[PDB]
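Report on the following structure.
Only the coordinates and a few stated rules stand behind these numbers; no lab work does. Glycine also receives a Cβ, built like all others from the backbone with ideal geometry; neighbour counts cover every protein chain displayed.
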Amino acid sequence: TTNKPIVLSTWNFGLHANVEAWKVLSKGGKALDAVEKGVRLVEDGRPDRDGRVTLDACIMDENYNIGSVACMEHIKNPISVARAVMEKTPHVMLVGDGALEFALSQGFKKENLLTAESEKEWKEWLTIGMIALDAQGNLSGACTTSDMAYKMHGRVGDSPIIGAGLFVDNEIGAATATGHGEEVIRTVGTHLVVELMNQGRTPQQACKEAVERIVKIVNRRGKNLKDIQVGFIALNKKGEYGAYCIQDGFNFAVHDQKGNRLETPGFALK
Amino acid sequence: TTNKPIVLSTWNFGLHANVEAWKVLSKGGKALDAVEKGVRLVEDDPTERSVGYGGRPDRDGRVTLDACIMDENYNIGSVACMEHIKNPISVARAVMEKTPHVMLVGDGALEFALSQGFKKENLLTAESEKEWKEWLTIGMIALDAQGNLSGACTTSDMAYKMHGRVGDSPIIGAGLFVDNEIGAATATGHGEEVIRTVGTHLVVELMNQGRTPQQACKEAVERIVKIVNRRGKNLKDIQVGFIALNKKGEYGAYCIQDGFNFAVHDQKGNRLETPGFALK
């Protein structure tokens, strides 16, 4: 019954990323290298309100190793710095200036990440996640975000927070999130999806039930569901997959032995 | 049967901090105000070198602090790797209350704190600077008289870390998690392992499934123990403690290694209690 290898990633651009991941997966490479290669494609920034491009990234392998960078400047491939945090330090998360100092110490090159376009648009004003199961039956995941959308300097979203934007447990499954970062954080959304898979739900059931719990939280907070987007995509150990969101309009890319395509999740707000 | 108000906190110095939280709780005040007050006490004390003022610096001699706070209705705020502000729990509460964000780090966290009237101070004591020059956490959760849960987690740890390292203390779901329909939990110890397991979210989800607070803390520790072994690591090198409260005011705790105590204050009084540990 196992379907492998398989890779899922968020949004239309996930399709393009899935092609790079599959170059790894289809040759029997590791989930970890496939997700890193997939999200590097997309990395290759709308700034914060102070005109600074700051980037967040998280990576998690098949043996509970994790690396994360948040609010890092000047480095074009934060997913690879996250990988270096995982493999080369005893920490799991570095932020701000210290994530940059680390990246420099590992040979990453300092660059200007603000295009003169983005700068002009900023003067005027005044995410991908990927999860994969490889031919060995191992899971890994990666996520990265570059749009600060003129938020406050030092704002951190869900991408670099383990259990929010991404979560992987090699015995159970993996999940990655879409939508508003603050809402994914407050609900620990991808940890909830994986724990629901641990409790016997299929990836599809786990995504749906997580979204349904979150909908109730949004109501208890007196907020209007139209103003809140949260969704997830998920994989289990057998390569079943699922997706569900509060609102319609998201799609995600899935690549297995049937090839690559864009699919639409179920959604709660009818 | 409901035991409330009640407050729990991590480590021995939780006993004195609980007295401060109880000044709010015993008057019918809000759990959120009690946990802020309780942990601010430890942030203020230069002789408590794992929290706030007096904190051992990072390896380059900088005192960086992390904190987060969570109320009874999924409101959250966090600061991480913040310098020069004595009371990061209060800046976290201002992230929560005064911005559309839930977490600020680094210089942006400092700029915000000053924007809200917090004062730049020198957090490196003479004692901490010498231990450094030589060389080369409190979590609190409470159920108030109204039956609402809140929690707070604040730290300077870990000592001589790489600049920019963030542990579990300011991460919702790792260091702290509160759901007013289920329970609350907070963690301490080696932050990397609480992050890896999303420890407090797991404790609260175990309570959601029907585990007692103690059983939930115990199963969460056992997951870390499993993972430590799967990673080829040595359990002796690792300490993690969880404390938890459910909506009836039942409480429990568990840890990896002996030596972790927690403080619990309810209507019968304030007690230092010693939970079970995995490493036998």
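List of remarks:
- Total residues in region A:196-230, condition charged (D, E, K, R) and within 28 Å of A:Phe13 (Cα to Cα): 5
- Some residue of region A:96-115 being within 20 Å of the chain's Cα centre (by Cα), more than 24 Å from A:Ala17 (Cβ to Cβ) and within 14 Å of chain B (Cβ to nearest Cβ): yes
- Subset tally (residues that are among the basic types (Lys, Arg) and within 14 Å of chain A (Cβ to nearest Cβ)) for region B:116-170: 2
- Residue count for region A:107-148, restricted to those that are assigned to a loop (DSSP other than H, G, I, E, B) and in contact with an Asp or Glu (Cβ under 6 Å, 6 or more places away or on another chain): 2
- Residue check for B:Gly189: more than 9 Å from chain A (Cβ to nearest Cβ), closer than 25 Å to B:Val51 by Cβ, in contact with a helix residue (DSSP H, G or I) (Cβ under 8 Å, 6 or more places away or on another chain) and not polar (S, T, N, Q): no
- Scanning region A:187-217 for residues that are closer than 16 Å to B:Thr197 by Cβ and hydroxyl-bearing (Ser, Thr, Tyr) turns up just one, A:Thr190.
- Subset of region A:117-175 (residues that are over 22 Å from A:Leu41 (Cα atoms) and aromatic (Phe, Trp, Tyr)): A:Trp122, A:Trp125, A:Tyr150
- Test: residue in region B:61-83 that is over 22 Å from the mean Cα position of the chain (by Cα) and among the charged types (D, E, K, R): no
- Only residues that are at the interface with another protein chain (Cβ under 9 Å from one of its Cβ atoms) and out of contact with any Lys or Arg (no Cβ under 7 Å at 6 or more places or on another chain) were counted across region B:171-180, and they come to 6.
- Residues satisfying the stated conditions in region B:28-84, i.e. surrounded by fewer than 24 Cβ atoms within 10 Å (Cβ to Cβ) and at positive phi: B:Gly28, B:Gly54, B:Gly61, B:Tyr74, B:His84
Residues are listed down the side, and each one gets a yes or a no for (1) of a type in the set (A, V, I, L, M); (2) closer than 26 Å to A:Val95 by Cα:
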{"residue": "A:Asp169", "(1), (2)": "no, yes"}
{"residue": "A:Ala175", "(1), (2)": "yes, yes"}
{"residue": "A:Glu183", "(1), (2)": "no, yes"}
{"residue": "A:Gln205", "(1), (2)": "no, no"}
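- Here the condition is being at the interface with chain B (Cβ under 10 Å from one of its Cβ atoms) and more than 18 Å from B:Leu104 (Cβ to Cβ); of A:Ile75, A:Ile66, A:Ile59, it holds for A:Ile66 alone.
- Restricting B:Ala216, B:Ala220 to residues that are small (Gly, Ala, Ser), within 13 Å of chain A (Cβ to nearest Cβ) and touching an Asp or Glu at 6+ places or on another chain (Cβ under 9 Å) narrows the list to B:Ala216.
- Applying a threshold of 6 Å to beta carbon distances and a minimum spacing of six or more residues, or different chains, the list of pairs starting in region A:205-227 at a residue that is of a type in the set (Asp, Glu) and ending at one that is surrounded by 13 or more Cβ atoms within 10 Å (Cβ to Cβ) and part of a helix (DSSP H, G or I) reads A:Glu209/A:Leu196.
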